[PDB]
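Report on one structure; see the data block that follows.
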Amino acid sequence: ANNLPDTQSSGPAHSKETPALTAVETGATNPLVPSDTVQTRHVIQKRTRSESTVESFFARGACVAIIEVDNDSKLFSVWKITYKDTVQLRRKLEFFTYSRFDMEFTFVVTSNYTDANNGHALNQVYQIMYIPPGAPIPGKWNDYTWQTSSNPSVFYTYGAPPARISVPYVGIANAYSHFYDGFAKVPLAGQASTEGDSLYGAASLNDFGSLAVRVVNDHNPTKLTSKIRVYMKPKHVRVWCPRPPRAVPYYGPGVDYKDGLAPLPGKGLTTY
Amino acid sequence: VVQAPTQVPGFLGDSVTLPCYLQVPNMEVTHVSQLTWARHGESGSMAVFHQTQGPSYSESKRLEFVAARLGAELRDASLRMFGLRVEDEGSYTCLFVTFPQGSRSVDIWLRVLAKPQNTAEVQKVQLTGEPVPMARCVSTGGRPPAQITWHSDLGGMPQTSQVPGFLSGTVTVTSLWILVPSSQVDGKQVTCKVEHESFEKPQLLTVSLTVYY
Amino acid sequence: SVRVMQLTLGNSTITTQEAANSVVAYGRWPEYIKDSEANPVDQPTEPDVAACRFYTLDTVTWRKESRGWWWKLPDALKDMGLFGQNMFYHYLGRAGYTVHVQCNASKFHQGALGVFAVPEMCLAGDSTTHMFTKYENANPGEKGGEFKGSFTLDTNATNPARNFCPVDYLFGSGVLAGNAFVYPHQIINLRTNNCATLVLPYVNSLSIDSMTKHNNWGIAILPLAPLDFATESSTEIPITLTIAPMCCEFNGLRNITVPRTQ
Amino acid sequence: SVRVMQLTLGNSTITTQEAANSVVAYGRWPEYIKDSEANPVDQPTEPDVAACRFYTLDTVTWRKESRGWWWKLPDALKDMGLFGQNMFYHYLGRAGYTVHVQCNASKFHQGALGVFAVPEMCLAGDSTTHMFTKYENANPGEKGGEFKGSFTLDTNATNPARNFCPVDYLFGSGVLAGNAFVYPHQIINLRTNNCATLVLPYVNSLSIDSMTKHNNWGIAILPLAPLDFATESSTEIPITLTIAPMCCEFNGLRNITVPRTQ
Ligand SMILES: COc1ccc(OCc2ccc(COc3c(Cl)cccc3Cl)cc2)c(Cl)c1
């Protein structure tokens with residue numbers, strides 16, 4: 001996040017040192033600066049790379065999900081936690097193979113009457129319950145699971161500033177894997193083809209669990225719908241192994257492609 | 001509001017225009033009104049018609065911009081791409097900018113590739129039975145293949161085999177011929193209807209026959 | 001000089017008289033797990049010279065029409081001597097590698113091969129079903145696979161191939177191949193060098209993992225400039241791949257694993 | 001080494017991988033006029049980077065039948081960017097040069113070019129009238145001229161050509177060409193080098209002179225050993241000439257000079 005070096009003045013040359021010539025076969029990039037190939041003046045550099053630090057690049061709340069609940073089973077909804085339901089944050093994360101950070105979740109809740117001239121309801125309160133992989137998932141908008149004696153819940157009152165909570169680095173590995181070239185199972189010799197088969201590039205069937213959202217108020221016959229837009233921001237970021245960015249449209253959770261396979265336009269070789 | 005009609009064939013050779021009409025309602029009129037065109041297209045991120053004050057050619061040398069610019073109008077602008085090779089699709093977009101809400105528009109695209117030419121030839125001598133007299137409907141030069149249709153006068157038509165496409169320079173070529181069997185007369189207005197949907201009414205070529213001895 | 005080298009590992013030595021230096025991926029040389037980064041508590045096995053030696057996988061042939069080749073590690077070495085034995089007898093395994101690609105021609109030949117080492121090299125499949133490639137197809141072993149010039153969707157619903165369909169310009173994963181240079185690599189330009197040498201440390205989000213379930217590195221070879229010779233439309237030059245595992249340590253010994261095949 | 005170099009002047013850089021050293025004429029590097037050798041009293045203009053940079057003149061082609069080429073300095077650079085502007089706006093001008101001649105072929109080609117830098121390179125005319133060559137013909141500019149294999153007297157009395165008739169073996173001036181080696185030079189022998197590089201200081205009997213009336217240096221290129229290839233009676237290889245003025249200083253500014261042409 002710092003300063004750039006100054007440009008030193010450089011005069012003419014006539015020597016056996018040729019920085020302009022190189023050999024990219026080695027796998028290295030030629031570290032030339034302007035003064036290597038032209039005469040330069042002294043410039044005191046004041047520009048910095050403060051905004052391109054790994055932290056500043058991700059320091060934005062991106063939408064990862066839009067959970068919908070109809071307060072007239074739709075009285076409650078469950079969202080399997082992921083960053084792949086949307087494309088924008090996903091593409092930025094995928095510039096790297098591994099990552100490690102904390103997360104900040106902000107929830108923007110909106111609601112409205114479906115009918116322009118019918119129904120009425122008192123102010124709604126929402127419960128956003130996190131169900132860690134293993135915990136019982138709600139079957140009804142009002143069954144015993146909503147007691148949350150151990151699961152973390154967030155109760156949001158409609159109209160209040162967006163709710164917000166922080167989550168630590170929760171991975172079971174030392175870093176989050178954006179790419180996993182493997183399987184969760186190894187098919188063994190002799191077992192039925194139905195056996196030992198698993199998805200390519202998938203780890204746990206339930207990585208991070210899911211969110212169960214519901215309106216706590218008793219539902220009125222009035223037609224109402226609410227949407228909880230989930231925004232996530234990685235804070236305290238560290239990333240490893242850069243990768244080229246996604247060039248063609250995403251086709252699922254994997255690196256699969258199908259449709260926009262011809263991303264580049266035509267342009268004449270000798271056309272400026 | 002956005003009302004672009006551009007779903008255009010699009011004729012090849014070429015050349016034809018690539019228009020963009022944005023009719024403006026009507027009591028909340030639009031500025032700033034710069035117009036952008038993004039191709040579709042390996043767009044990272046330019047082959048662009050942009051027009052701030054003076055029309056700027058983002059480098060695709062083969063372009064023509066015709067709008068009442070450097071002043072204002074605003075934009076029912078027309079573009080043109082010549083030429084003259086099939087730098088095809090893909091697709092094209094047309095996006096505007098606005099002081100009110102309108103830094104936005106719609107992607108809109110279509111066709112290209114090219115029209116054909118036709119002639120009729122009829123021979124040879126009738127030693128039957130029982131094929132060709134013989135009328136051939138040659139169709140030279142059209143990448144999107146022209147639907148050649150041999151018909152005539154009677155039920156002596158069901159007999160129409162095709163030369164498929166062994167393509168010339170970028171452009172596809174075919175030949176439908178008949179066959180039509182045997183025997184005598186000259187003499188009928190046997191008409192080959194070659195289409196392609198360009199020009200005016202489809203290429204209707206009527207001919208005769210080689211009658212011998 | 002930058003051009004002459006000799007690599008000795010165990011009982012195997014490699015010599016080259018036309019190198020273009022060597023690349024050490026991410027500037028990290030392979031190493032063993034430190035006590036501060038250790039996870040499994042059992043005593044590891046370290047075969048050393050018996051496993052850390054040069055193994056020559058099958059030779060492929062480069063023609064004017066070749067699109068490219070790919071291999072997965074440790075997969076390509078699963079049947080290689082005592083390295084493969086240790087891999088299958090243990091639940092967990094870790095290793096680094098010295099990849100030496102060989103390709104000689106003459107002063108009248110042209111062509112350039114881009115040799116890339118990719119961590120977590122996930123490839124694209126052939127169906128509309130996501131992540132459908134089956135284990136047997138994803139792990140070809142020493143013979144590896146090939147890149148294609150275009151995507152072709154498998155439509156046989158009765159008998160889906162469940163295979164990869166790596167398109168070359170899309171780097172087999174939906175990214176542009178020209179950007180693959182952000183991964184450790186070397187280029188074998190026929191007018192300059194014979195080979196490419198890459199030293200790969202162990203890369204993963206864990207200190208040790210299952211070698212049978214997970215492939216850490218992928219080796220991709222793409223013809224950047226096609227093979228051409230004098231006037232012989234007909235030209236074929238072999239590309240031999242020699243890889244040596246380094247700092248191998250395995251944990252969790254039990255009965256041997258026999259994976260399902262074909 | 002003696003063979004690899006890089007020359008940087010202003011915004012232009014030249015690289016070579018097959019040089020045969022460089023020659024600095026008379027061992028003198030170009031310099032500005034010292035106060036002890038100064039003559040015009042007015043403040044000089046020194047364009048520096050705007051004029052002292054590499055300018056590429058037109059490329060000529062060498063064939064088995066070529067006799068040679070010649071250019072005059074500063075004449076050949078009179079239309080070159082800001083150097084030409086300063087030359088024409090000032091009564092007096094002074095400059096040194098870095099002449100870089102380029103000519104590459106292959107290992108199956110032969111030929112040797114003698115590149116000579118001659119101070120006061122006066123050439124012979126075509127008529128019986130002495131010193132009859134006219135200004136327009138003596139100053140061809142960047143296209144320069146050519147040597148001939150024989151002397152041919154212009155007899156058209158009505159319309160005399162008033163041109164030069166430089167015979168090659170007579171060095172275009174009545175002296176034997178084999179003795180032209182007493183002038184700073186280099187040889188571009190195809191089996192050895194790509195180019196010839198000569199650094200020329202300002203040479204004259206005055207500290208500064210009129211650049212329009214007087215040419216200080218002459219560049220002569222003669223095929224010492226003719227061009228030959230494999231078995232192609234037909235062979236053509238280009239010879240490009242890149243020159244950069246050095247330590248330019250002009251005196252006596254007024255309105256621009258527009259010389260008569262053709
Ligand atoms: C590589 O990029 C990643 C890695 C992990 C991720 O998700 C991990 C994750 C695990 C638990 C929770 C649970 O968080 C919550 C809690 Cl306790 C209470 C209330 C609401 C929430 Cl929301 C949320 C996210 C995401 Cl979104 C991107």
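Residues in the structure tokens are numbered from 1 in each chain, the chains being A, B, ... in the order shown, and ligands are numbered from 1 in the order shown.
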
- Message: Residues of chain A within 6 Å of chain D, counting only C-alpha atoms - could you list those as a list in words?
- Response: residues 12, 13, 14, 15, 16, 18, 37, 38 and 39 of chain A

Next, dump the selected residues to file, keeping only N, CA and C atoms, as a PDB file, in the first residue's frame.
ATOM      1  N   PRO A  12      22.150   9.388 -22.620  1.00  0.00           N
ATOM      2  CA  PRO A  12      22.403   8.470 -23.733  1.00  0.00           C
ATOM      3  C   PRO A  12      23.293   7.303 -23.323  1.00  0.00           C
ATOM      4  N   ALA A  13      23.292   6.253 -24.133  1.00  0.00           N
ATOM      5  CA  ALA A  13      24.075   5.067 -23.865  1.00  0.00           C
ATOM      6  C   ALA A  13      24.681   4.498 -25.141  1.00  0.00           C
ATOM      7  N   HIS A  14      25.807   3.821 -24.976  1.00  0.00           N
ATOM      8  CA  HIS A  14      26.529   3.152 -26.060  1.00  0.00           C
ATOM      9  C   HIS A  14      27.332   2.138 -25.266  1.00  0.00           C
ATOM     10  N   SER A  15      26.726   1.000 -24.944  1.00  0.00           N
ATOM     11  CA  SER A  15      27.428   0.011 -24.140  1.00  0.00           C
ATOM     12  C   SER A  15      27.108  -1.417 -24.517  1.00  0.00           C
ATOM     13  N   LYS A  16      27.776  -2.337 -23.831  1.00  0.00           N
ATOM     14  CA  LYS A  16      27.580  -3.755 -24.063  1.00  0.00           C
ATOM     15  C   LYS A  16      26.469  -4.328 -23.191  1.00  0.00           C
ATOM     16  N   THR A  18      22.733  -4.683 -22.565  1.00  0.00           N
ATOM     17  CA  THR A  18      21.521  -4.538 -23.338  1.00  0.00           C
ATOM     18  C   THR A  18      20.291  -5.043 -22.578  1.00  0.00           C
ATOM     19  N   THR A  37      15.471   2.234 -21.684  1.00  0.00           N
ATOM     20  CA  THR A  37      15.371   2.355 -23.130  1.00  0.00           C
ATOM     21  C   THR A  37      15.248   3.771 -23.710  1.00  0.00           C
ATOM     22  N   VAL A  38      15.072   4.784 -22.862  1.00  0.00           N
ATOM     23  CA  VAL A  38      14.971   6.174 -23.329  1.00  0.00           C
ATOM     24  C   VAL A  38      15.641   7.113 -22.331  1.00  0.00           C
ATOM     25  N   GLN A  39      15.872   8.356 -22.740  1.00  0.00           N
ATOM     26  CA  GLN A  39      16.463   9.330 -21.838  1.00  0.00           C
ATOM     27  C   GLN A  39      15.325   9.871 -20.991  1.00  0.00           C
TER      28      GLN A  39
END

- Residues of chain A within 12 Å of chain B, only C-alpha atoms counted, as an MDAnalysis selection string: chainID A and resid 247:248 259:272

Expected file: the selected residues, N, CA and C atoms, as an mmCIF file, in the first residue's frame:
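And here's result-v8.cif as it stands now:
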data_model
loop_
_atom_site.group_PDB
_atom_site.id
_atom_site.type_symbol
_atom_site.label_atom_id
_atom_site.label_comp_id
_atom_site.auth_asym_id
_atom_site.auth_seq_id
_atom_site.Cartn_x
_atom_site.Cartn_y
_atom_site.Cartn_z
ATOM 1 N N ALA A 247 -13.181 -15.644 -17.872
ATOM 2 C CA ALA A 247 -13.397 -14.945 -19.141
ATOM 3 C C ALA A 247 -14.751 -15.227 -19.784
ATOM 4 N N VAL A 248 -15.273 -16.436 -19.579
ATOM 5 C CA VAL A 248 -16.563 -16.820 -20.137
ATOM 6 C C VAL A 248 -17.570 -16.940 -18.992
ATOM 7 N N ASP A 259 -22.018 -21.606 -22.582
ATOM 8 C CA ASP A 259 -22.477 -20.555 -23.475
ATOM 9 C C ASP A 259 -21.636 -19.446 -24.099
ATOM 10 N N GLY A 260 -21.158 -18.481 -23.329
ATOM 11 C CA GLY A 260 -20.420 -17.399 -23.976
ATOM 12 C C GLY A 260 -18.960 -17.675 -24.263
ATOM 13 N N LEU A 261 -18.679 -18.742 -25.010
ATOM 14 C CA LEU A 261 -17.309 -19.156 -25.298
ATOM 15 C C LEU A 261 -16.459 -18.297 -26.243
ATOM 16 N N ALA A 262 -17.049 -17.273 -26.847
ATOM 17 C CA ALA A 262 -16.293 -16.409 -27.752
ATOM 18 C C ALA A 262 -16.373 -14.971 -27.224
ATOM 19 N N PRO A 263 -15.669 -14.681 -26.107
ATOM 20 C CA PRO A 263 -15.634 -13.369 -25.445
ATOM 21 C C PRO A 263 -15.001 -12.179 -26.179
ATOM 22 N N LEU A 264 -14.023 -12.429 -27.046
ATOM 23 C CA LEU A 264 -13.364 -11.333 -27.741
ATOM 24 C C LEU A 264 -13.980 -10.910 -29.066
ATOM 25 N N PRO A 265 -13.988 -9.593 -29.332
ATOM 26 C CA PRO A 265 -14.529 -9.008 -30.562
ATOM 27 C C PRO A 265 -13.469 -9.058 -31.667
ATOM 28 N N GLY A 266 -13.862 -8.686 -32.877
ATOM 29 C CA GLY A 266 -12.927 -8.676 -33.984
ATOM 30 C C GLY A 266 -12.264 -7.314 -34.047
ATOM 31 N N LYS A 267 -11.017 -7.286 -34.492
ATOM 32 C CA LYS A 267 -10.276 -6.043 -34.608
ATOM 33 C C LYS A 267 -9.147 -6.290 -35.596
ATOM 34 N N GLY A 268 -8.955 -5.366 -36.527
ATOM 35 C CA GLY A 268 -7.901 -5.536 -37.509
ATOM 36 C C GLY A 268 -6.521 -5.539 -36.888
ATOM 37 N N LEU A 269 -5.659 -6.429 -37.367
ATOM 38 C CA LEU A 269 -4.290 -6.528 -36.865
ATOM 39 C C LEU A 269 -3.542 -5.195 -36.984
ATOM 40 N N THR A 270 -3.793 -4.476 -38.068
ATOM 41 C CA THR A 270 -3.139 -3.202 -38.306
ATOM 42 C C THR A 270 -4.086 -2.019 -38.162
ATOM 43 N N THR A 271 -5.098 -2.182 -37.324
ATOM 44 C CA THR A 271 -6.064 -1.125 -37.078
ATOM 45 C C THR A 271 -5.847 -0.630 -35.654
ATOM 46 N N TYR A 272 -5.646 0.675 -35.514
ATOM 47 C CA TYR A 272 -5.436 1.288 -34.209
ATOM 48 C C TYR A 272 -6.754 1.314 -33.425
#

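You can rank A:212, A:224, A:170, A:54 by their closest distance to ligand 1 using only C-alpha atoms and all ligand atoms, and at the top of that list sits A:170.
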
- Query: When the cut-off is 7 Å and you count only C-alpha atoms and all ligand atoms, which residues lie near ligand 1, shown as number ranges by chain?
  - Reply: A: 81-83, 93, 99, 105, 128-130, 152-154, 165, 167, 170, 176-178, 208-209, 211, 232

- Message: Using DSSP assignments from the backbone, pull out every residue in chain B that falls under strand (DSSP E) and give it to me as JSON, numbers by chain.
- Response: {"B": [17, 18, 19, 32, 33, 34, 35, 36, 37, 49, 50, 51, 55, 56, 57, 64, 65, 66, 78, 79, 80, 93, 94, 95, 96, 97, 98, 104, 105, 106, 107, 117, 118, 119, 120, 121, 122, 123, 134, 135, 136, 137, 138, 139, 140, 148, 149, 150, 151, 161, 162, 163, 174, 175, 176, 177, 178, 190, 191, 192, 193, 194, 203, 204, 205, 206, 207]}

Which residues come within 6 Å of region 68-85 of chain D, counting only C-alpha atoms, excluding same-chain residues fewer than 5 positions away, as a PDB file with N, CA and C atoms, in the first residue's frame?
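Wrote result.pdb, looks like this:
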ATOM      1  N   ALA D  51      16.702  16.840 -31.309  1.00  0.00           N
ATOM      2  CA  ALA D  51      17.476  16.708 -32.534  1.00  0.00           C
ATOM      3  C   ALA D  51      18.482  15.573 -32.459  1.00  0.00           C
ATOM      4  N   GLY D 141      19.701  14.460 -50.423  1.00  0.00           N
ATOM      5  CA  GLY D 141      18.937  14.232 -49.213  1.00  0.00           C
ATOM      6  C   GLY D 141      19.039  12.780 -48.784  1.00  0.00           C
ATOM      7  N   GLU D 142      18.069  12.344 -48.000  1.00  0.00           N
ATOM      8  CA  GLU D 142      18.013  10.978 -47.475  1.00  0.00           C
ATOM      9  C   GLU D 142      18.135   9.837 -48.474  1.00  0.00           C
ATOM     10  N   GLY D 144      20.177   9.820 -50.997  1.00  0.00           N
ATOM     11  CA  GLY D 144      21.571   9.729 -51.392  1.00  0.00           C
ATOM     12  C   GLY D 144      21.830   9.445 -52.857  1.00  0.00           C
ATOM     13  N   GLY D 145      22.891   8.699 -53.133  1.00  0.00           N
ATOM     14  CA  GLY D 145      23.231   8.387 -54.504  1.00  0.00           C
ATOM     15  C   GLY D 145      23.829   7.009 -54.663  1.00  0.00           C
ATOM     16  N   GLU D 146      24.360   6.742 -55.849  1.00  0.00           N
ATOM     17  CA  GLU D 146      24.965   5.450 -56.172  1.00  0.00           C
ATOM     18  C   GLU D 146      26.267   5.562 -56.942  1.00  0.00           C
ATOM     19  N   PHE D 147      27.090   4.528 -56.811  1.00  0.00           N
ATOM     20  CA  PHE D 147      28.363   4.462 -57.509  1.00  0.00           C
ATOM     21  C   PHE D 147      28.121   3.749 -58.822  1.00  0.00           C
ATOM     22  N   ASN D 215      28.807  20.217 -46.704  1.00  0.00           N
ATOM     23  CA  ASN D 215      28.620  18.867 -46.161  1.00  0.00           C
ATOM     24  C   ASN D 215      29.975  18.447 -45.579  1.00  0.00           C
ATOM     25  N   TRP D 217      30.754  15.422 -43.728  1.00  0.00           N
ATOM     26  CA  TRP D 217      31.060  14.006 -43.888  1.00  0.00           C
ATOM     27  C   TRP D 217      30.315  13.395 -45.052  1.00  0.00           C
ATOM     28  N   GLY D 218      30.872  12.307 -45.562  1.00  0.00           N
ATOM     29  CA  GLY D 218      30.258  11.569 -46.638  1.00  0.00           C
ATOM     30  C   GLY D 218      30.277  10.131 -46.179  1.00  0.00           C
ATOM     31  N   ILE D 219      29.215   9.393 -46.467  1.00  0.00           N
ATOM     32  CA  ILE D 219      29.142   7.983 -46.105  1.00  0.00           C
ATOM     33  C   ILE D 219      29.135   7.211 -47.414  1.00  0.00           C
ATOM     34  N   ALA D 220      30.119   6.338 -47.594  1.00  0.00           N
ATOM     35  CA  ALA D 220      30.229   5.533 -48.798  1.00  0.00           C
ATOM     36  C   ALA D 220      30.131   4.058 -48.437  1.00  0.00           C
ATOM     37  N   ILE D 221      29.259   3.330 -49.124  1.00  0.00           N
ATOM     38  CA  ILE D 221      29.110   1.894 -48.887  1.00  0.00           C
ATOM     39  C   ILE D 221      29.395   1.191 -50.216  1.00  0.00           C
ATOM     40  N   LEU D 222      30.424   0.348 -50.239  1.00  0.00           N
ATOM     41  CA  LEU D 222      30.810  -0.384 -51.447  1.00  0.00           C
ATOM     42  C   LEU D 222      30.835  -1.893 -51.222  1.00  0.00           C
TER      43      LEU D 222
END

Report the closest atom pair, with its distance in Å rounded to one decimal, for each residue of region 33-143 of chain B that has an atom no farther than 8 Å from region 197-207 of chain B; count only C-alpha atoms, sort by chain and then rising residue number, and write it as JSON lines.
{"residue": "B:115", "atom": "CA", "partner": "B:198", "partner_atom": "CA", "distance": 6.8}
{"residue": "B:118", "atom": "CA", "partner": "B:203", "partner_atom": "CA", "distance": 7.6}
{"residue": "B:119", "atom": "CA", "partner": "B:205", "partner_atom": "CA", "distance": 7.4}
{"residue": "B:120", "atom": "CA", "partner": "B:205", "partner_atom": "CA", "distance": 7.0}
{"residue": "B:122", "atom": "CA", "partner": "B:207", "partner_atom": "CA", "distance": 7.9}
{"residue": "B:135", "atom": "CA", "partner": "B:207", "partner_atom": "CA", "distance": 7.8}

Generate the output file for the selected residues, N, CA and C atoms, as a short mmCIF file (atom, residue, chain, number, x, y, z; two decimals), in the first residue's frame.
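So part.cif came out as:
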data_model
loop_
_atom_site.label_atom_id
_atom_site.label_comp_id
_atom_site.auth_asym_id
_atom_site.auth_seq_id
_atom_site.Cartn_x
_atom_site.Cartn_y
_atom_site.Cartn_z
N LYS B 115 -25.49 -12.52 -50.23
CA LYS B 115 -26.49 -12.88 -51.23
C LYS B 115 -25.85 -13.62 -52.41
N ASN B 118 -27.67 -16.42 -59.85
CA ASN B 118 -28.24 -17.59 -60.53
C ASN B 118 -28.34 -17.51 -62.05
N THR B 119 -28.27 -18.68 -62.69
CA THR B 119 -28.44 -18.84 -64.14
C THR B 119 -28.99 -20.24 -64.42
N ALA B 120 -29.63 -20.42 -65.58
CA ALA B 120 -30.17 -21.72 -65.97
C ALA B 120 -29.53 -22.27 -67.24
N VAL B 122 -29.77 -25.84 -69.90
CA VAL B 122 -30.58 -27.01 -70.25
C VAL B 122 -30.02 -27.86 -71.41
N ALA B 135 -32.60 -29.58 -67.23
CA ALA B 135 -32.56 -28.21 -66.70
C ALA B 135 -31.78 -28.13 -65.38
#

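Comparing C:153, C:248, C:115, C:138 by their smallest distance to residue 201 (chain C), the closest is C:248 (using only C-alpha atoms).
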
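Minimum atom-to-atom distance to chain C, evaluated using only C-alpha atoms, belongs to D:107 out of D:191, D:185, D:162, D:107.
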
- Which of these residues is nearest to residue 59 (chain C), using only C-alpha atoms: C:122, C:207, C:244, C:101? C:101

- Query: Just how far from CA of residue 66 (chain C) is CA of residue 108 (chain C), in Å to one decimal?
  - Reply: 19.4 Å

- Task: Would you return as an NGL selection string the members of region 35-227 of chain C that DSSP assigns to helix (DSSP H, G or I) on this structure's backbone?
- Result: :C and (48-50 or 75-77 or 81-89 or 135-138 or 141-143 or 168-170 or 177-182)

Let's have the selection written as an mmCIF file, in the first residue's frame, with C-alpha atoms.
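Saved to result26.cif:
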data_model
loop_
_atom_site.group_PDB
_atom_site.id
_atom_site.type_symbol
_atom_site.label_atom_id
_atom_site.label_comp_id
_atom_site.auth_asym_id
_atom_site.auth_seq_id
_atom_site.Cartn_x
_atom_site.Cartn_y
_atom_site.Cartn_z
ATOM 1 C CA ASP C 48 13.663 -40.874 0.573
ATOM 2 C CA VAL C 49 15.817 -42.261 -2.303
ATOM 3 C CA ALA C 50 13.335 -45.044 -3.115
ATOM 4 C CA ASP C 75 -1.944 -38.948 -10.176
ATOM 5 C CA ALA C 76 0.531 -39.356 -13.082
ATOM 6 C CA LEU C 77 2.983 -41.049 -10.690
ATOM 7 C CA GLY C 81 7.763 -47.770 -8.326
ATOM 8 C CA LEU C 82 7.851 -47.361 -4.557
ATOM 9 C CA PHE C 83 6.318 -43.890 -4.773
ATOM 10 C CA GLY C 84 3.039 -45.446 -5.926
ATOM 11 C CA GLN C 85 3.234 -48.129 -3.240
ATOM 12 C CA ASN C 86 3.575 -45.610 -0.445
ATOM 13 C CA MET C 87 0.813 -43.486 -1.966
ATOM 14 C CA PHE C 88 -1.672 -46.367 -1.851
ATOM 15 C CA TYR C 89 -0.662 -47.815 1.523
ATOM 16 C CA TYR C 135 -13.148 -40.168 -10.792
ATOM 17 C CA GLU C 136 -11.818 -42.641 -13.411
ATOM 18 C CA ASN C 137 -11.799 -39.965 -16.126
ATOM 19 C CA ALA C 138 -10.363 -37.197 -13.946
ATOM 20 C CA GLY C 141 -2.505 -41.607 -14.675
ATOM 21 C CA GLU C 142 0.778 -41.335 -16.576
ATOM 22 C CA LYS C 143 -0.941 -41.062 -19.950
ATOM 23 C CA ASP C 168 -7.321 -24.908 -25.345
ATOM 24 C CA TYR C 169 -7.814 -21.124 -25.669
ATOM 25 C CA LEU C 170 -10.050 -21.270 -22.579
ATOM 26 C CA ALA C 177 -4.954 -19.104 -22.005
ATOM 27 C CA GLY C 178 -2.813 -15.998 -22.548
ATOM 28 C CA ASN C 179 -3.222 -15.209 -18.848
ATOM 29 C CA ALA C 180 -1.942 -18.648 -17.789
ATOM 30 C CA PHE C 181 1.480 -17.003 -17.505
ATOM 31 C CA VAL C 182 0.598 -15.948 -13.943
#

Contacts of residue 33 (chain A) at 12 Å (only C-alpha atoms; same-chain gap of 2+ positions) as a compact mmCIF listing (two decimals) with N, CA, C and O atoms, in the first residue's frame:
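Once written, out20.txt looks like this:
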# COMPACT_ATOMS: atom_id res chain seq x y z
N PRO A 5 8.75 4.20 -6.77
CA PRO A 5 10.06 4.83 -6.87
C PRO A 5 10.09 6.02 -7.83
O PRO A 5 9.27 6.12 -8.76
N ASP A 6 11.02 6.93 -7.59
CA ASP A 6 11.19 8.12 -8.43
C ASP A 6 11.83 7.71 -9.74
O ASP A 6 12.46 6.66 -9.84
N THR A 7 11.67 8.56 -10.74
CA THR A 7 12.28 8.33 -12.03
C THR A 7 13.59 9.11 -11.92
O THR A 7 13.60 10.26 -11.46
N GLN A 8 14.70 8.46 -12.22
CA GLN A 8 15.98 9.13 -12.16
C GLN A 8 16.29 9.60 -13.56
O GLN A 8 15.84 8.98 -14.53
N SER A 9 17.00 10.71 -13.70
CA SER A 9 17.31 11.16 -15.04
C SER A 9 18.29 10.17 -15.65
O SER A 9 19.14 9.62 -14.95
N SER A 10 18.15 9.95 -16.94
CA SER A 10 18.97 9.01 -17.66
C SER A 10 19.39 9.66 -18.96
O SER A 10 18.58 10.29 -19.64
N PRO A 19 19.70 -4.19 -21.72
CA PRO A 19 18.51 -4.59 -20.95
C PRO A 19 17.25 -4.78 -21.82
O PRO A 19 16.30 -5.43 -21.39
N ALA A 20 17.26 -4.21 -23.02
CA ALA A 20 16.15 -4.33 -23.96
C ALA A 20 16.01 -5.75 -24.50
O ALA A 20 14.90 -6.19 -24.81
N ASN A 30 10.88 -9.30 -17.82
CA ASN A 30 11.96 -8.29 -17.88
C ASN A 30 11.57 -7.04 -17.06
O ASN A 30 10.70 -6.28 -17.48
N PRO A 31 12.27 -6.79 -15.94
CA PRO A 31 12.05 -5.67 -15.01
C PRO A 31 12.56 -4.30 -15.47
O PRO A 31 13.23 -3.59 -14.70
N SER A 35 13.89 4.57 -18.06
CA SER A 35 15.28 4.97 -18.20
C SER A 35 16.21 3.91 -18.81
O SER A 35 17.37 4.20 -19.11
N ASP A 36 15.70 2.69 -18.99
CA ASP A 36 16.49 1.61 -19.56
C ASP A 36 16.54 1.71 -21.09
O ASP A 36 17.54 1.32 -21.70
N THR A 37 15.47 2.23 -21.68
CA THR A 37 15.37 2.35 -23.13
C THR A 37 15.25 3.77 -23.71
O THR A 37 15.29 3.94 -24.93
N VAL A 38 15.07 4.78 -22.86
CA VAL A 38 14.97 6.17 -23.33
C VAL A 38 15.64 7.11 -22.33
O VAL A 38 15.96 6.72 -21.21
N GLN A 39 15.87 8.36 -22.74
CA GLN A 39 16.46 9.33 -21.84
C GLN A 39 15.33 9.87 -20.99
O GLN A 39 14.30 10.31 -21.52
N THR A 40 15.51 9.84 -19.68
CA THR A 40 14.49 10.29 -18.76
C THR A 40 14.93 11.48 -17.94
O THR A 40 16.10 11.84 -17.92

- Query: If we count only C-alpha atoms, what is near residue 67 (chain B) at a cut-off of 8 Å, once residues fewer than 4 positions away on the same chain are taken out, given as a PyMOL selection string?
  - Reply: chain B and resi 75-78

- Message: I want to know what sits within 10 Å of residue 157 (chain B), based on only C-alpha atoms, with residues of the same chain fewer than 3 positions away left out; could you give that as a list in words?
- Response: residues 150, 151, 152, 153, 154, 160, 178, 179, 180, 181 and 190 of chain B
